[PDB]
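The residues making up each chain are set out below.
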Amino acid sequence: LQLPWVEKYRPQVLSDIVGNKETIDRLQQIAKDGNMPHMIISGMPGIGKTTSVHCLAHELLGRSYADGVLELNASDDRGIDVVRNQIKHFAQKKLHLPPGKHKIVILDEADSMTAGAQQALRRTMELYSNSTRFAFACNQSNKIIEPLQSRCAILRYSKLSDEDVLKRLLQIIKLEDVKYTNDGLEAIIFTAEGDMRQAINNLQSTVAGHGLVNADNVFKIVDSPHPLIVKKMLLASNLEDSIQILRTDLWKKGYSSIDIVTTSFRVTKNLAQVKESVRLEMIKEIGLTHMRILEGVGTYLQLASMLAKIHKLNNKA
Amino acid sequence: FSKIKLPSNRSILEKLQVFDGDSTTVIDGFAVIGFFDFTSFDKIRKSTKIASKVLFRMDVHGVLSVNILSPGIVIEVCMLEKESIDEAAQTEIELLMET
Amino acid sequence: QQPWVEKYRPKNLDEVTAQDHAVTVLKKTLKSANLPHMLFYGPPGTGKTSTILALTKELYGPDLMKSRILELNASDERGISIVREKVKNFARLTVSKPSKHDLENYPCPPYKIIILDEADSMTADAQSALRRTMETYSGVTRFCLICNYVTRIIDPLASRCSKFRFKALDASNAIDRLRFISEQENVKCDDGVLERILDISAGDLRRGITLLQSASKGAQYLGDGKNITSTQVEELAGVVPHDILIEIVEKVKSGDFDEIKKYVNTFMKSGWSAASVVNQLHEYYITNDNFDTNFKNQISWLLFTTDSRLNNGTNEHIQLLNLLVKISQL
Amino acid sequence: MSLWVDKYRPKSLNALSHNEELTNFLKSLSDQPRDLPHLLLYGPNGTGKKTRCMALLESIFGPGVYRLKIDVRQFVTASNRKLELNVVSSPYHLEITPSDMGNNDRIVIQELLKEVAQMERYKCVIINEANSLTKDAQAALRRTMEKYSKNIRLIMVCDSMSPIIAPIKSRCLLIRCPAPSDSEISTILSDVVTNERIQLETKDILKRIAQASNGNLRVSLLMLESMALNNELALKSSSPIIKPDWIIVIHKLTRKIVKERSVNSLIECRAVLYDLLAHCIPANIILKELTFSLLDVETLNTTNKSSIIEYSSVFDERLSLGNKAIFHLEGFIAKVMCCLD
Amino acid sequence: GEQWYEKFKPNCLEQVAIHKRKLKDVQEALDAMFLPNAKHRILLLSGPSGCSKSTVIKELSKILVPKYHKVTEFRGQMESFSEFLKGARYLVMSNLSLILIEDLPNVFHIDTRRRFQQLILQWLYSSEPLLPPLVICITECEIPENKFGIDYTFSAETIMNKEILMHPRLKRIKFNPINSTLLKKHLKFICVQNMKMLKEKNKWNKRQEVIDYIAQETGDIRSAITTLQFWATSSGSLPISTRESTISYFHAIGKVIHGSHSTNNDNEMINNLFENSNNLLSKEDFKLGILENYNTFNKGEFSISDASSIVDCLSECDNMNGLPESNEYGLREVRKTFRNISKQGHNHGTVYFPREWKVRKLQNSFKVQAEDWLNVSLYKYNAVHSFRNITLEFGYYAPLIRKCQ
Amino acid sequence: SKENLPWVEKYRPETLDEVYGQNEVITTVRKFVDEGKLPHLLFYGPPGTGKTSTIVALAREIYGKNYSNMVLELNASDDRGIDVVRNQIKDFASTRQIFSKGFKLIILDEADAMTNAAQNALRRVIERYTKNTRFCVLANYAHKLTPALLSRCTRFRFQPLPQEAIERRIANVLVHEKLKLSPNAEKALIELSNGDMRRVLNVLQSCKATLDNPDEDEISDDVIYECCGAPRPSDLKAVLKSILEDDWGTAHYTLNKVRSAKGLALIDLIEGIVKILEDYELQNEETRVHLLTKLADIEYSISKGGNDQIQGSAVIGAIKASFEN
DNA sequence: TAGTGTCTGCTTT
DNA sequence: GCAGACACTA
Ligand SMILES: Nc1ncnc2c1ncn2[C@@H]1O[C@H](COP(=O)(O)OP(=O)(O)OP(O)(O)=S)[C@@H](O)[C@H]1O
Ligand SMILES: Nc1ncnc2c1ncn2[C@@H]1O[C@H](COP(=O)(O)OP(=O)(O)OP(O)(O)=S)[C@@H](O)[C@H]1O
Ligand SMILES: Nc1ncnc2c1ncn2[C@@H]1O[C@H](COP(=O)(O)OP(=O)(O)OP(O)(O)=S)[C@@H](O)[C@H]1O
Ligand SMILES: Nc1ncnc2c1ncn2[C@@H]1O[C@H](COP(=O)(O)OP(=O)(O)OP(O)(O)=S)[C@@H](O)[C@H]1O
Ligand SMILES: Nc1ncnc2c1ncn2[C@@H]1O[C@H](COP(=O)(O)OP(=O)(O)O)[C@@H](O)[C@H]1O
Ligand SMILES: [Mg+2]
Ligand SMILES: [Mg+2]
Ligand SMILES: [Mg+2]
Ligand SMILES: [Mg+2]
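If you check the header, you'll see the entry was determined by cryo-EM and the resolution is listed as 3.23 Å.

For chain E, the PDB entry supplies the name Checkpoint protein RAD24 and the organism Saccharomyces cerevisiae. Entered under Sequence similarities in the UniProt record, the comment concerning chain E runs "Belongs to the rad17/RAD24 family."

Per the PDB entry, chain C is named Replication factor C subunit 2, and its organism is Saccharomyces cerevisiae. For the record of chain C, the UniProt heading Subcellular location holds the text "Nucleus". Under the UniProt heading Sequence similarities, the note attached to chain C is "Belongs to the activator 1 small subunits family."

**Description of the interface of chain C and chain F**
Each side of the interface is counted separately: chain C has 48 residues, and chain F has 53 residues. Both faces considered, chain C and chain F share a buried interface measuring about 4500 Å² in area, 51% of it formed by carbon and sulfur atoms. By the criterion of area lost to chain F, the three top residues of chain C are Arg132, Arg165 and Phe304 of chain C, representing 15% of everything that side buries. Measuring nitrogen to oxygen at the nearest pair gives 3.0 Å for the salt bridge that ties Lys88 of chain C to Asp78 of chain F. Elements that contribute at least two residues to the side of chain C that touches chain F include exactly α2 (21-30), α5 (80-90), α7 (124-136), α8 (155-160), β5 (162-165), α15 (274-287) and α16 (293-311) of chain C. It is α16 of chain C that provides the largest number of residues to the side of chain C that touches chain F, a total of nine residues. Of the residues in the side of chain C that touches chain F, the class split is 15 nonpolar, 17 polar and 16 charged.

**Structural notes on the arrangement of the chains**
The two partners chain B and chain E share no contact, and the minimum distance between any of their C-alpha atoms is 26 Å. A gap remains between chain E and chain F, with no contact made and the closest C-alpha atoms lying 9 Å from each other.

**Here we look at the interface of chain C and chain D**
The partner chain D presents 60 residues to the 56 residues of chain C that form the contact. Both sides of the chain C and chain D interface together cover about 5300 Å² of buried area, and 50% of this is carbon and sulfur. Taking the shortest distance from any N to any O, the salt bridge between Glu310 of chain D and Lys326 of chain C comes out at 3.8 Å. Remark: the boundary between chain C and chain D carries 20 residue pairs in polar contact. Among the secondary structure elements, those contributing two or more residues to the side of chain C that touches chain D are α1 (4-7), α11 (205-222), α12 (230-237), α14 (257-270), α16 and α17 (316-328) of chain C. Among the residues forming the side of chain C that touches chain D, the class breakdown is 15 nonpolar, 24 polar and 17 charged.

Scoring rules and cut-offs
Per the conventions used, each chain is numbered from 1 along its written sequence, independently of whether this matches the entry, and residues without coordinates are not displayed. Chains and ligands are labelled sequentially in the order written, the chains with letters from A and the ligands with numbers from 1. Note: displayed chains form a subset of a larger assembly, with all reported quantities computed for the displayed subset only. Note that water and hydrogens are dropped before the side-chain values are worked out from all heavy atoms of the structure. Residues with missing side-chain atoms are left out of burial classes, side-chain pairs and their counts. UniProt positions are given in the numbering used here, feature names are shortened, and annotations may be inferred rather than shown by experiment. Should any heavy atoms of two residues lie within 4.5 Å, those residues are considered in contact. Throughout, the accessible surface (probe 1.4 Å) given up by two parts as they are put together, summed over both, is called the buried area. When a carboxyl oxygen of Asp or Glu lies within 4 Å of a side-chain nitrogen of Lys or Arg, that pair is called a salt bridge. Working definition: helices are DSSP H or I runs of at least four residues, strands are E runs of at least two. Numbering for both runs from the N terminus. Under this grouping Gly is polar, as are all residues other than the nonpolar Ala, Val, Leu, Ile, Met, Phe, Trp, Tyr, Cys and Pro and the charged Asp, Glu, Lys and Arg. Side-chain atoms alone can form a polar contact between residues adjacent in sequence; in general such a contact is a pair of N or O atoms within 3.5 Å, and within protein one must be able to donate a hydrogen while the other accepts it.

Shown next, in the form of structure tokens:
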């Protein structure tokens, strides 16, 4: 019974966590001093937010982790009354902690929690701010209401760079004693596109299916991300080359047309080297194609016509 | 913490022996911990409303078979234990039990 | 006492005509039990419902409909929860033990048929539930999918169900059936009346049957022993006379906007649907050889655009006026 | 008893004046009521298709068809929320209206038609404004009138046949009701003013009313009542042609658009459109009459008229495929001012 | 340790970050309330989150109660709040305790909000001698994505159904975000209180730009205090993240029409507006706002072609069944054309809400009038004409025919 | 009993060796299960590629007789509300295995049709209850899935099955059923397959039912085209040649004759026309744009409904106008 | 004394 | 982002 590489090597201390060096160092000073304020952590999923919160709580508590934490997650009875009662009962107890230490309550995935529960949470924090503390884990801070964000410190998380992910990959490779190649690691980074969990899963698939980590094996087990192919084909000059690229990539690898349309919409929204008028015309054409596909006409001919219209408005005859 | 205790009186504890995984070697001084969800006990509460004798039997795998006797009919129910105890709770269960 | 549409509905698989592949497959499946899921699609009034009803009648028998065959349609509520529970239940009901009379009177197969009429009016979640249910209960339960439009049906349903395309009933496809119906009902027609009726209703035998019934009723009411002509059925159907179409073409050819506008106003006062007018104008323009290729291409595109606009449910006056103005300015 | 439409309503096939061929067609259909197929009536508004349906029902059944009864019942569409339909009842037949919302209309028709069908000497129901459907109740109709074609006969009356899907037109007989010519409307007006013993200085006033109404019997009768009551039952040749305030507002907006082409003119036109739509008036007919009012201006040339009619068709398609109503009218008017100069 | 915003809680009235005009207005309103002749039965104080709402009442009741505890805050259900209100009704003499309704009970359900409304109506119209003072504090913040009022924007107008607000015995005083000058002064006060810890680290020489950025970035005093505490506690080289605020309904239209001064490029501004405020820009009756407000770019003095293109594009967007791509395309087109025509822009017109509810009310009035006309006509004799033909023929001819006869 | 089921369900694979085409995925998952390591596999691909069949074969291979009480199969046919999902999967994963010393596999067919909150609860359970319980995600659409789910689950892509897999499955079916097909019929079936096995099995069953005797005969391309209704390549070539050569009269006559003699549909005809037109070269860069736009509008109109003759004439006119540039 | 900063709009169903 | 009117000391 062997745990997967994602979960077998979960960091237990803040030193093992890589990525935002300044934020990790700040968390280390918070753990050492003990002054724990209310925090909200948001960013790209799977970059080490919940893991960082757990490591900070462990380093702050030690032997008090048995009772000093109330980890209420999304997969729970997250109502308005039972949650309020549970948090009130948790906040109306005292334990033998040093004066510089406080109880920590972790609420992972607070975005999906109901707004009435958010108001109850605000009432609990206002009533029992002196004893317990709250640490939030989420992907974006938009879903958290403004008054709750007012009573906390927001620490935005950025995407992990090449250096941190590569360093973590090297440590895990040294721990597992697995032969690797620099080109294979570069391919793993390119396919991950800044994701740590995805990189670990891809490395595990490469070592299980083929052994040695090579770029060819990584490309064989998993294809390149579709946003990159969408961006490559959208900025193509000639219509024939873009048509051939979209066909030979998306239809040969088996990509759904609605997924292609959604990815193209996201790429056009995030595109930079394009004029505003061209961008809005392409957005309108994407919306028309999306409506056509959603109604039921999602053949390759619709995608080809969409590319033809995009190239026609790009060239302007 | 809620503790309901069944005493050693033979009126309600006529037979109780702890085995060592061989079903023949009875031992004394060994503790068995069973982590069961509230749902199964709530479902079984109605089944035990009218009965004469209730038999409890679980193995090292954690699955629990409860026999209900009420000649009368026989009702046997099989249960499932949780995957793992919460952290290291079982220690504090005994530490409160001889407390 | 019964309209000819319902009175002459084919109750047997040999009564339907102009359908070779589907009828042969069903007939050969009558002696076996390897019946796949059928996706019935085609033009409206082609005979998919009649075909599935005949297959169900010849498969089990009148007694097994009450306890073995259940159909879905738009007549009742078809919400996601209701459809899910109903379809899962009826795909979980056991195969009813047949009586002896069914056994030595009909070749009863060991499965059951679930009929999904007008399946194009179903949501994506309902279709996903249906396809998952029919995969997980493919043992002794079968699903029949009937829809006018294939595109509205999701791709997995089209992949899992066998595609049985229903060819449109042209003049030569249903001329024999119309002749048999006329002979059975004692209807007298001239040489080229049934063909004209079939040409009026392109791939639609129900419309032709209704037109024939109306013509027969008119002939019976008139009293004299006369034969029905093409003019009578054309005017009952709603076909614009050729003289008025020629006048419309002449008005369009002339470069006067006021004359075209007043002619369109009078035509709308006549209350004639512009779809038939568009079809007749298209037939006249493509059939005529007095026009060049470029003008024919442009007018075909304009008529296609006007038909697409009319199919959405717009004001017929504005669409026909715009089409005539665009044609006159070509 | 206080209107021309109700007092002098024909109640028989022989009582009908215009469309003798249509009367013969209805007589032929009523010759064998048992073999009557499903009917679909399409034609101009105000022609009298409802009158033909009532005459056919009276011929098939007899007395008591024109006697109507009122009953009310509620249909549940979501939770405890229910919407009531003002269904009108009658012996030997029945009539309904699609006054409900576009989404609950389908289930209301489903429940009502399932209740009416039952088992059974059939019952005939008239479907007023069958064209005003969201392509959802039409599936229920095409299923029920095919499966339950033993005791129910749906009768469909509508002004436009294009919104009706092809299967419904296939299963239902196409009945044509052309609007009467000027002579027939003039004869009807002469008869009804003879029966009302009102003064008539000349016969040209009836012709003017017929031309103004544009082949609409209801509009002609209401205009005749207006001129009779305003002039104390003494018609005059110099009496002005009375028109409804809606057409007057449309014409005034057309003149304002032709005269002034600016942004303030655009916002006042938007305000007028909002006020007009506040009167429960559909936007499609508003755009249609605005187009006809813009097209009759002699100042505009052929190119401007062609551009206006093209934009009108495009925005009619947009309104048909859209949800809101103000946007398409506003775009049509703005495009008209853009292409005018 | 203890939080700065709790340790540095104000003691005197001058410490509260409140405007002089706002302080005078709330003082006058309260003083009017405490007289035996009560002009306003309840006091409603809306506003954004963390604009020093509750503290104003707290220190005001601290300074005024001995003149003639401090407050009675209701903990956050239905019958409990009914009992709390009834008990507050019987606290008038020898105590003079103000009744605070901060952190109001759950209103996201229909039943509890309705019973709250009837409780408010019952207490507002109670003809009982004397009156216990009562203050209601409501935080204006929209609920993110998870109808008809709640779940779109949580504010005073959402909870109260235009009846409590339109009452003589109420004084609605909306609160503004904390001023930049007041925020800077309070941050400087915190710094001169924490001089020792400030001199402990190398943060005193790099203080002015941080204080200015914190004051100009957010209008919440509590969030600013928390950010200052986090920055001071941190060793250094750590970027500061603030409490991201919200954009109002009219603010979104103003940003779409004119643009944004902070971000000159339109693409990034549009992307940020879509990401942060997807609910506002994807919910209905917002394209109507653009269609009614685009005329005020130059008081209706721009080209007719741009307006025609705008409305045509809006029609195409409406044709896409309200897809997010349609909204993005429409907003981008409007922003692009206004940026193009902004070469000559001055004296922009004021904006307004689109007149959509009035049209619906008039349509409902027309419907009920038509129903009454059908009822009376059917009672008089037999007359059915469906509903479509009424507005075209019977909506005008029948009224004048009946009037003349 | 067998031999009374549709060929789609009759030929359902039961072992990993019975899954053709995706050799790399099969080898990778075999290597994963040989080491006792199941890293929350996620399967993505077009329908008919063999996702649920592959997971069923894998569960049979690694468990055997434990499928009845260890594998929890959830799908669109079962209610998957937020409360239902959290309760059911929490109860299943939190409970320890009965006697087998192996990971617990949960199969979630059609995972794209769940709410966002249900997906969040599922992704929390995946990371929380993972000591003994693993998860399988099956979905043809990735835009309806939370991006967090795609990170914790290893994504495997199911490519359309190549010609070799289709040919091998056809040979196996012919061995099982004692049937013969011409090489031209095999090529036509390869062309019509479009990377789908269910369609191939369905049309093979339909063609076998079409034959008057299953034995002592050979299946040609003509019977396949007649039963499936697909137009012949020669018919499409003749129609295209008539369009490109005959101006408007005899071209329309030829199109009507082609559509009337065999009753071909317009959608398949235009699909074939554009399929051959894709092979042709166009050194103008503008004719192709007009062709694609006009053809897409034609398909949209046909989906919305209309007149077949008018649509066909529109196709002819659009092709002629585009080729006149 | 004219700029800079800053309150108030502008929302009802 | 806009305007209309007021705050506040140079
Ligand atoms: N900086 C890191 N260094 C090493 N491993 C990491 C790092 N970040 C993430 N991981 C790995 O990724 C796994 C998932 O991390 P999580 O904290 O659960 O992701 P997340 O940031 O909370 O985002 P979610 O869970 O999708 S909302 C961890 O258990 C680690 O194995
Ligand atoms: N092959 C056929 N031979 C004889 N009559 C036929 C045939 N196909 C259809 N009909 C006639 O068509 C009428 C109705 O047939 P249906 O089966 O309801 O058509 P349809 O395929 O169901 O069209 P829908 O339901 O609108 S898609 C009846 O009068 C049948 O007799
Ligand atoms: N100088 C200050 N002026 C005002 N408040 C201050 C000051 N210094 C610290 N604070 C704190 O800032 C907070 C302001 O309280 P309020 O905004 O009135 O409460 P509130 O209205 O409930 O805020 P929300 O909207 O619920 S987050 C209190 O916690 C004060 O203790
Ligand atoms: N690799 C394969 N080799 C042979 N037959 C296959 C293969 N993959 C799929 N099939 C056939 O396809 C049938 C249905 O495939 P399924 O796996 O049940 O559906 P699916 O491919 O998962 O598509 P969906 O829409 O996601 S259920 C099986 O019963 C097999 O007969
Ligand atoms: N043949 C006819 N002779 C005389 N009047 C007629 C005739 N047909 C219709 N009408 C007139 O039409 C009016 C009713 O029209 P209506 O049925 O409402 O038209 P629609 O069916 O288009 O709504 C009646 O007042 C009646 O006087
Ligand atoms: Mg996490
Ligand atoms: Mg049918
Ligand atoms: Mg407060
Ligand atoms: Mg599957």
